[PDB]
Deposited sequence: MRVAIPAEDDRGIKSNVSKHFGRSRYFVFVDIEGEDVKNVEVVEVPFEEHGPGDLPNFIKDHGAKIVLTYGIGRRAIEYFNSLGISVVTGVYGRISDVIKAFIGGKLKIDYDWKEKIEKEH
């Protein structure tokens, strides 16, 4: 399926998850088929804009560090699932995600 990830840099799968969704200016869209990463797409954000931006790009899951409750709810209303507390290099996150061992910062709100 297609997974969306806010990036800190325009470095694609070598960038880190941006700590603030919403203020982030690059997103990485990763097409996953089984254990296999079939496509990486690295685009920039323009300027419920952001959620609609993500939905318009086909992403059905969003992996983020921090994101507001309202944004999560807006995502959810669009049938999009959000994972919070994710940090680190996006390449590592995608490998963790595929293998059921994601590293979550439980304390991302404090």
item: Where the deposited sequence has no C-alpha coordinates (positions from 1, in order); value: 48 to 52, 116 to 121
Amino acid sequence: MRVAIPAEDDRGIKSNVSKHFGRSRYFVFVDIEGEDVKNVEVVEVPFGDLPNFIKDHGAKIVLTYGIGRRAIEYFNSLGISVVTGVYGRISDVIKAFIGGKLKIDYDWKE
From here on, numbers count along this sequence of modelled residues.
| property | result |
| --- | --- |
| Mean C-alpha temperature factor, higher of 72 to 80 and 32 to 40 | 32 to 40 |
| Selected stretch [higher average CA B-factor]: 61 to 69 or 48 to 56 | 48 to 56 |
| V3 CA temperature factor, ranked by third within the chain | lowest |
| Third assignment of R23 from its chain's C-alpha B-factors | highest |
| Third of the chain, ranked by Cα B-factor, where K95 sits | middle |
| Chain-wide C-alpha B factor ranking for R89, given as lowest, middle or highest third | lowest |
